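Next up, structure tokens for two forms of one chain, structure 1 and then structure 2.
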Structure 1
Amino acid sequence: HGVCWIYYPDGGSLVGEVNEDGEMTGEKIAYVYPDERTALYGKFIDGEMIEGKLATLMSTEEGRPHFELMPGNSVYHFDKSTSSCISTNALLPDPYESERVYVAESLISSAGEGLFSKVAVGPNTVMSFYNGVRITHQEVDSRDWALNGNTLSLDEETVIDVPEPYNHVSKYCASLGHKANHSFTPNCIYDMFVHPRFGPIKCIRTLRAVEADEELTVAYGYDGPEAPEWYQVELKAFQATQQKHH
């Protein structure tokens, strides 16, 4: 039988035999993460994940994938956030992210928590997901700017936010992208990502080879005019230490 592999620009894919309407509908469909090994296998309807069981892509034979279910009954489903509901299982971690990153005290003085690599990876590796509630740019701009620590732009219309109390891992740990701190010498970037559980979000992708236990950092997008005070102070301190030609 025929099998269709739909790769997203981020490297992840949807794989399965399509139905008679050319739809990704059935009991043996899978979402495969960018490592081409970690998979969520099971029931999908028109490419939407209804029941995706944690599995490993063991091999492929002429485009036909062979999956092995992972023990532990880790199950996922499409659960795209709204402006107020971040997730319906806030404490169920993403399996791909769980094996790549962890949260610990930041190496940046007084910067709270940070995001760290659990493993050695090459450049251009998806490490973490930036999921959150979906709000407009106008809502972010119009509201009290002190509520905008975790507001990451998705596109010209939408912002992804991780508001209180979900910015604490004890209340929300389905994704951990909101834990990466700012640096003017970052080792990661935010990039688009099409997630089977979270829907259209952003991810943290390495810019270079990263070693295990390095802090993962991204250059934040300000402008700068009305940037947070910690950013303005860091900009001046960073500039003062840059070596110059005499």
Structure 2
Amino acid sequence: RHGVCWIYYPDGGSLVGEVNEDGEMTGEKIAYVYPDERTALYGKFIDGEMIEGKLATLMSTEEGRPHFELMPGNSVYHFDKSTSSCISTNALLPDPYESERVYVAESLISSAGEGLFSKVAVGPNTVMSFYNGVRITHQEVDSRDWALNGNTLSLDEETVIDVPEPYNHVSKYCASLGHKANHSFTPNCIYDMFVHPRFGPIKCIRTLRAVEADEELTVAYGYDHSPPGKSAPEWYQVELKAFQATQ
């Protein structure tokens, strides 16, 4: 008669609900559940695509049927995959899972600008932040000045994610914050694949180790002598030389 399906993504998120006649995740009581197995976007989905998800908490799962408590408020989300020229339908609507785990402040790395910090203590392998952005080609990134590529992150062999000016200011764009994490060759985080209900296929920032509250989150940007683009910044030259001096 009735059938509830739990789909687990490799990144730890999941989709749960009763499948329709065609075995599709289509209905008004479908939920995406974030990797903490607690934070959920609950509501209207069509074939697994979020049409109207409301912020909710997964309280329990008695005999496979999940119980969701809607969060007080009007926080509503929808599938909203970026394009080459549009980063988001609501650039100032933050992600609720990210908002519990990270914040932006002045970096502790000299002259690095702003950085990304842990709000709370978390264990290893914890998804902390999402790296959404516009979707451009490797050709575009490779064919321009590398000074324009400080917020680029390759998604796959076809697509590079970017957060271009003016979206590099949190007052202009705070829907995701992964671009605010600075580089280190002793990083405490990595970039990892992520299938997001709002952003679609993107990258996330995942901890490599346990992190304390208010620790700066860092990721290795790469190990090449120079970043993609035309005509490396010296801060990276200095850190790369120090990295290579250890071996």
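All residue numbers here follow the sequence of structure 1, with the first residue given the number 1. Take the two forms, superpose them, and find the largest set of C-alpha atoms that agree within 1.5 Å; that set is the rigid core.
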### Query
After superposition on the rigid core, what is the displacement of the C-alpha atom of residue 105 between structures 1 and 2, in Å?
0.1
### Query
Hey, core superposed, how many Å does residue 237 shift at the CA between structures 1 and 2?
4.7
### Task
Determine, in Å, the CA shift of residue 143 between structures 1 and 2 after the rigid core is used for superposition.
2.3
